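Residues 1 to 166, 169 to 170, 172 to 298 in the deposited numbering are what the sequence shown lists, from first letter to last. Heads up, the beta-carbon is just placed ideally off N, CA and C, and yes, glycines get one too. Here's the structure, in structure tokens; my notes come after.
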Amino acid sequence: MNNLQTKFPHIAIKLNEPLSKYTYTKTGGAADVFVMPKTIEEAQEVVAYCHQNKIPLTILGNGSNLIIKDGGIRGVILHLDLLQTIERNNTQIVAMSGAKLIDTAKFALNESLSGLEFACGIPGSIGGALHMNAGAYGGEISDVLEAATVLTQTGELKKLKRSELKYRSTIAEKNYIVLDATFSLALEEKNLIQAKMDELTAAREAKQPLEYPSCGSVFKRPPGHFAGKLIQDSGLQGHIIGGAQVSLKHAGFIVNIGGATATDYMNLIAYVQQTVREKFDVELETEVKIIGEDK
Ligand SMILES: Cc1cc2nc3c(=O)[nH]c(=O)nc-3n(C[C@H](O)[C@H](O)[C@H](O)COP(=O)(O)OP(=O)(O)OC[C@H]3O[C@@H](n4cnc5c(N)ncnc54)[C@H](O)[C@@H]3O)c2cc1C
């Protein structure tokens, strides 16, 4: 409980670590117990330990899709940053859950493998990707997810196949901790994949603030409306609270113009939600995950 580091020396662990250092928005209060496993077995022992002692456990990828309140988070947060491997395996790609999705789409191209193009620009880890059935440009992880190695809440490995894997995953429910993923790709010319990747980078760059830290598109798309358009239409574009701003480039993004805090994010998110429902009677529901409690 407080006793974890005792049982497992040799497992890189940290005390009361402020998470903003590891999050894509550069925000979030501290997490009381922060663990980074070098090994799969290490991940197992910790998951099992927390389960058995009923200690709430959270898995943090790169927080490119979450906001962590300044009250921080209770229990143990596991970050699988050290599980980084990416491998070639005939027409198939195997990547560990701590690998960056962008690197996995870079690899694919070096091998003349097609099917990942859609992810050359999606930030975050492979673990987050499977958890979110990450997708962009009509493409999606489920389109090419072959197999995954996972940890059940009790700590056991479970090797999954297509059948057992099923809009931004059966991984989400069933609360599996992804350890590595296998994508079924197809052989195709470098040039053709290149033209898609350039097309996609061009497209995304033209429309997204990639320069600023942010989570992604903050809201799910309301039936027959664009999040961004509503926001923009409600006069909220450019709005600032503390160090947070409804992006002047894409109104559905809240960028960090410097020193933003999770409080700032939650506050801007709520004010947008509130203003939008007053002008158009539409419920903007967050896409981005919200975790920790109120400081
Ligand atoms: C500029 C920008 C653009 C973006 N564009 C897109 C886009 O085009 N398409 C898109 O789909 N998303 C997009 N996102 C959101 C984000 O990139 C994806 O949701 C991403 O896959 C999340 O990765 P992560 O590792 O950051 O997850 P985190 O934000 O760290 O957490 C995400 C969720 O996954 C869970 N999780 C994380 N790792 C694991 C693991 N190993 N096992 C199990 N669960 C895990 C977390 O507990 C949490 O529920 C964008 C974000 C930004 C900031």
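Nearest-angstrom beta carbon gap, residue j and residue i [assumed within contact, 8 angstroms]
i, j, result
"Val221", "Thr289", "6 angstroms"
"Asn178", "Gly124", "Between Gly124 and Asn178 the Cβ distance is about 18 angstroms, and since that is not below 8 angstroms, they are no contact."
"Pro212", "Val258", "5 angstroms"
"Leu188", "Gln92", "7 angstroms"
"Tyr22", "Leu66", "Going by Cβ atoms, the distance from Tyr22 to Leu66 rounds to 11 angstroms, so no, they are not a contact pair."
"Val279", "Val285", "6 angstroms"
"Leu182", "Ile40", "6 angstroms"
"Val249", "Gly241", "7 angstroms"
"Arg74", "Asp32", "7 angstroms"
Beta-bridge pairing of residue i - partner residues as DSSP gives them
i, result
"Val94", "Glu87, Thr185"
"residue 305", "Since the first and last residues shown for the chain are 1 and 298, residue 305 lies out of range."
"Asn259", "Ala247"
"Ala148", "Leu160, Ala184"
"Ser125", "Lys100"
"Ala12", "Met36"
"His79", "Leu60"
"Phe222", "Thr289"
"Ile67", "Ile293"
"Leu190", "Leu113"
"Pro18", "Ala30"
"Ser217", "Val258"
"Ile174", "Answer is none; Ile174 lacks a bridge partner."
"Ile73", "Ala31"
Beta-carbon proximity of residue i to residue j, cut-off 8 angstroms
i, j, result
"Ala129", "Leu116", "no"
"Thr25", "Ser142", "no"
"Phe34", "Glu45", "no"
"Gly71", "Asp297", "yes"
"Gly28", "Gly295", "yes"
"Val150", "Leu160", "yes"
"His79", "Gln153", "no"
"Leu157", "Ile126", "no"
"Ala254", "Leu271", "no"
"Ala119", "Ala134", "yes"
"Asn53", "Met1", "yes"
"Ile13", "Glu42", "no"
"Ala230", "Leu287", "yes"
Rounded separation between residue i and residue j - CA only
i, j, result
"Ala273", "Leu239", "12 angstroms"
"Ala148", "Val76", "23 angstroms"
"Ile180", "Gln235", "37 angstroms"
"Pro37", "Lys166", "28 angstroms"
"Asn90", "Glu146", "13 angstroms"
"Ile243", "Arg207", "23 angstroms"
"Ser64", "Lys7", "32 angstroms"
"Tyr215", "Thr173", "32 angstroms"
"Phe283", "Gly227", "13 angstroms"
"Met269", "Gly245", "11 angstroms"
"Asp103", "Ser112", "14 angstroms"
"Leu15", "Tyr169", "37 angstroms"
"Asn194", "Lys106", "14 angstroms"
"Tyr49", "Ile55", "8 angstroms"
"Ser114", "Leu190", "6 angstroms"
"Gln276", "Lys223", "12 angstroms"
"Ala136", "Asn3", "43 angstroms"
"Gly121", "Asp201", "10 angstroms"
"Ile86", "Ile196", "19 angstroms"
"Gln5", "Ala30", "18 angstroms"
"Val47", "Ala209", "42 angstroms"
"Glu164", "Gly139", "20 angstroms"
"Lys199", "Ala175", "29 angstroms"
"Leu251", "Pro9", "47 angstroms"
"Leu83", "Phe186", "17 angstroms"
"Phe256", "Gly219", "6 angstroms"
**Segments assigned alpha helix (DSSP H), at least 4 residues, entirely inside the region 24-64** = Listed in chain order, they are 40-52.
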